[PDB]
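Listed below are the residues making up each chain.
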Amino acid sequence: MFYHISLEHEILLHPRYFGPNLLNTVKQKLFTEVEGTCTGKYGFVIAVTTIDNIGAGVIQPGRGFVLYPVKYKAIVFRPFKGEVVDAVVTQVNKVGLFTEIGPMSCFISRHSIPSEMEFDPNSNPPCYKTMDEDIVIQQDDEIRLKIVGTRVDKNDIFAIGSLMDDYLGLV
Amino acid sequence: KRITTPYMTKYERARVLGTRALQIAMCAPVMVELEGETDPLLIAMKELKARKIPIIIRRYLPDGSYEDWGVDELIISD
Amino acid sequence: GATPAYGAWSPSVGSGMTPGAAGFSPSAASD
Amino acid sequence: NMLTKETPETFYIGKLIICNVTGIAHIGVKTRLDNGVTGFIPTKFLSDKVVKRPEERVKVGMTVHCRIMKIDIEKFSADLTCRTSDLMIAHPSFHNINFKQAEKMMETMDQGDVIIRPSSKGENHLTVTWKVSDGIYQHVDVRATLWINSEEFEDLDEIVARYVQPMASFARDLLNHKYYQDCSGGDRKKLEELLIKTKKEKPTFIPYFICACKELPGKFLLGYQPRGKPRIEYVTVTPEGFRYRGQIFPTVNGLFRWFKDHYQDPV
Amino acid sequence: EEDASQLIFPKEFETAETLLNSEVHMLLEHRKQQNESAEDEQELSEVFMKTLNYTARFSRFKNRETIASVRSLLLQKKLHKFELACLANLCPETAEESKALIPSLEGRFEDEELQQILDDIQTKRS
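Thresholds applied
- Counting starts from 1 on each chain and goes along its sequence as written, which need not follow the entry numbering; residues with no coordinates are hidden.
- Here every chain gets a letter starting at A, and every ligand a number starting at 1, in the order they are written.
- All reported values concern the displayed chains, which form part of a larger assembly.
- Side-chain numbers here rest on the full set of heavy atoms in the structure, without hydrogens or water.
- Residues with missing side-chain atoms are left out of burial classes, side-chain pairs and their counts.
- UniProt positions are given in the numbering used here, feature names are shortened, and annotations may be inferred rather than shown by experiment.
- Numbering of helices and strands runs from the N terminus; a helix is a DSSP stretch of H or I covering at least four residues, while a strand is a stretch of E covering at least two.
- Only the protein chains shown count as cover for residues, and the accessible areas themselves come from Shrake-Rupley with a 1.4 Å probe.
- Throughout this description, buried means an accessible area under 20% of the type-specific maximum (1.4 Å probe, protein chains only), exposed means over 50%, and partly exposed covers the range between.
- Throughout, a contact is declared for two residues whenever any of their heavy atoms are within 4.5 Å.
- Note on charges: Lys and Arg go in the positive column, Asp and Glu in the negative column, and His and the chain ends are not counted at all.
- To locate a charge, take atom NZ for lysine, CZ for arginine, CG for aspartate or CD for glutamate.
- Geometry of aromatic contacts follows a simple scheme: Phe, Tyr and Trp rings, the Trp one being its six-membered ring, pair when their centres are within 6.5 Å, and the pair is stacked under 30 degrees between planes, edge-to-face over 60, tilted otherwise.
- Sitting over a ring, as applied to charges here, requires NZ of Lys or CZ of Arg to be within 6 Å of the ring centre and within 35 degrees of the ring normal.
- One requirement defines pairing of two strands: DSSP has to find at least two bridges between them.
- Residue polarity follows a fixed list, in which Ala, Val, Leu, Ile, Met, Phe, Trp, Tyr, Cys and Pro are nonpolar, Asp, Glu, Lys and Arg are charged, and the others, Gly among them, are polar.

Deposited coordinates in this entry are attributed by the record to cryo-EM, at a stated resolution of 3.1 Å.

Listed as the entry title in the PDB record is "Structure of complete, activated transcription complex Pol II-DSIF-PAF-SPT6 uncovers allosteric elongation activation by RTF1".

Looking up chain B in the PDB entry gives the name RNA polymerase II subunit F, with the organism given as Sus scrofa. According to the UniProt record, the Subcellular location (unreviewed entry) comment for chain B reads "Nucleus". Under the Sequence similarities (unreviewed entry) heading, UniProt states for chain B: "Belongs to the archaeal Rpo6/eukaryotic RPB6 RNA polymerase subunit family."

A. Inspection of the overall build of chain C at higher detail. The helix and strand inventory of chain C stands at zero helices and zero strands. Each of the three principal axes of chain C carries a C-alpha extent, and together these read 50 × 35 × 10 Å. For chain C, the accessible area works out to roughly 2,400 Å², and carbon and sulfur atoms hold 59% of it.

B. Geometry of the overall build of chain B. What chain B contains, in helices and strands, is two helices and two strands. When its helices and strands are written in sequence order, chain B yields α-α-β-β. If one aligns the C-alpha atoms of chain B with their principal axes, the spans along those axes are about 45 × 20 × 15 Å. A burial count over chain B gives 33% of its 78 residues as buried. Intrachain contacts of chain B at a sequence separation of at least 6 include 48% that bridge at least 24 residues. A total accessible area of about 4,900 Å² is found for chain B, and carbon and sulfur atoms account for 59% of it. The average position of the 12 basic charges and that of the 12 acidic charges among the side chains of chain B differ by 4 Å.

C. Structural context of the packing of aromatic side chains. Look at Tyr60(B) and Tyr66(B): their rings are 6.1 Å apart centre to centre, the planes differ by 65°, and that puts the pair in the edge-to-face class. Ring geometry for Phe259(D) against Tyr263(D): centres 5.7 Å apart, planes inclined by 50°, an arrangement best described as tilted. Clustering of aromatic rings is evident, with ring pairs tying together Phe24(C), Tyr224(D), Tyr244(D), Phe249(D), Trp258(D), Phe259(D) and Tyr263(D). Its guanidinium or amino end placed over the ring of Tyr17(A), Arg16(A) lies 5.1 Å from that ring's centre, counting from NZ or CZ. Over the ring of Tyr66(B) we find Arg58(B), and its NZ or CZ is 4.2 Å from the ring centre.

D. Spotlight on the pairing of strand β2 (residues 29-33) of chain D. Residue and element names in this part refer to chain D. Of the pairings in the sheet, the one linking strand β1 (residues 16-23) to β2 comprises three bridges and is antiparallel in character. Residue pairing in the sheet places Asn20 in a bridge with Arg32 of β2. Connecting β1 to the antiparallel partner β2 that follows it, the hairpin turn spans five residues. In terms of strand pairing, β2 meets strand β3 (residues 38-41) through four bridges, oriented antiparallel. What sits directly across from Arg32, in β3, is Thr38. From the end of β2 to the start of β3, which pair antiparallel, there are four residues, and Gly36 there has a positive phi angle of about 75°.

E. Looking closely at the interface of chain A and chain E. Counting residues at the interface gives 39 residues for chain A and 39 residues for chain E. Where the side of chain A that touches chain E is concerned, the elements lending two or more residues are β1 (2-13), α1 (22-31), β2 (44-54) and β7 (96-101) of chain A. Partitioning the side of chain A that touches chain E into residue classes produces 21 nonpolar, four polar and 14 charged. For β1(A) and strand β1 (residues 17-18) of chain E, the ladder comprises two bridges, and the chain directions are antiparallel.

This is the structure:
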């Protein structure tokens, strides 16, 4: 889920970057360091909104670097299991359906699908209709889901969706 | 209310000069005109005389406090 | 570089002590 | 197409085909191309038939790029053109130069024309040299530190018309002053010796003059002798006015009207 | 243990500030507006893109003033902060749909009490 927290980072700065646009360079090196990453603590971090303050830079004894403990205010996206979200349907396959929740994608097997939404590989579009062909659920549909299990894969989140609850379809 | 001595002790001068000369040798933009020398300790010493070293000194006090003093604030001794 | 900052300089004013009288030239208009 | 694997339908006219000349039969350059096509450069490719070969136009032993004008990889020929042309009042100058050689081109323009040149100190910098007086030029090394943004470097027309054109218009008025001089560049030894010679002919009326520095351009010299001791007061010309004793005057006349009633103090 | 259905959240995330899907879209759009300008700047990643379209598909409203409204009326009640976005993006039609989807809404309020709020949302939906 999209949240708004104030995060901190300490960055090292090579002495060639001293001089007049120092703090501007700290900004640059923060924008292109903690953007679009993900963690098993805070999760996927979308972008940084503002920079609260730059600490005072403590010159490292021995080496020329000076590190700058900066606190920033960014929007982070952390799904929890059991949250009920909307997503768009990306790929319809007999092994399972693929959706995409913003920066993180999920997958729904026919085990999570009750038997109403049957396969449709005879049609050019693989969809999951029912027996009388009224509820057509194909690719590129805003289909809700419920995250039933989370998984982070080396700075990459991968949850798992389901279709067991009612009112999980077209709005 | 800074209460420490207003003079740069002789240990701060050694460490400020060594540190500033390391930063200069790692290509940091000098604060003073070079009349044509190239050693980083001679440059750091020239900058110290011009009181243009961009470093502040955080003097911890024994109770846990501390005071920051710019280098251009305190009186250089030698 | 060989061409440093020229206008970032600090113009020092010169102090003096000349206790003179008032016999100088008048002012004019600004137009 | 079965052996060399490169036909004439891939290589087209107009596109540059790198022809590596490795040898020459009589006067040409017959070598191989990248696709194994035997690139036989003719005498029009080197531009010499009874003289030495096209060594300046085709690199002998190396690959030389030329405009492809013949698709004959099956004919053991390569019409690759050895020529580079076969493959294809307040002025503002530009420069896509050093400081010594730039000093020789900025002496022939008039007063007010501002040149544009890259800097020589640092990176992503630009120096604004604008004409001040006879031999006086202020090289505004922006980062004369004039702090600007990063959107304005795409259009180089407003940083002059907002910061240098008014500065040149304020500097031109002192040149057309009624008491102006040069003293061979604004020398400090030549200006103290003029006030002591002008005070003797008229002890009652005290004159004043105005001059600028050659080594510190942008600062004018306003010297005055209230008594038998020469005294020099400095003043800075700004893009918004003038800097005299820290008071900013919008127009050029208010500085003199503020000075005529300020030099009569005992100091 | 971490299940938002039973409202259990880590200490680092308990004091966190929730955001709405239409809400963050305006921030992302604004940052896109800032970065699309100011040249000699890096272009935006594809992760930025994949979240732009994502919140763009679910923009229940595009007015700036519409956003603080729908939260002003929610925080006036005694709901959790976690309920603030899931119940403001999905916009269920009946309160039974809301209580069936969200297990913490069951027994938490009165059915008509819930449904009045739900109708407020459909009125606010552009």
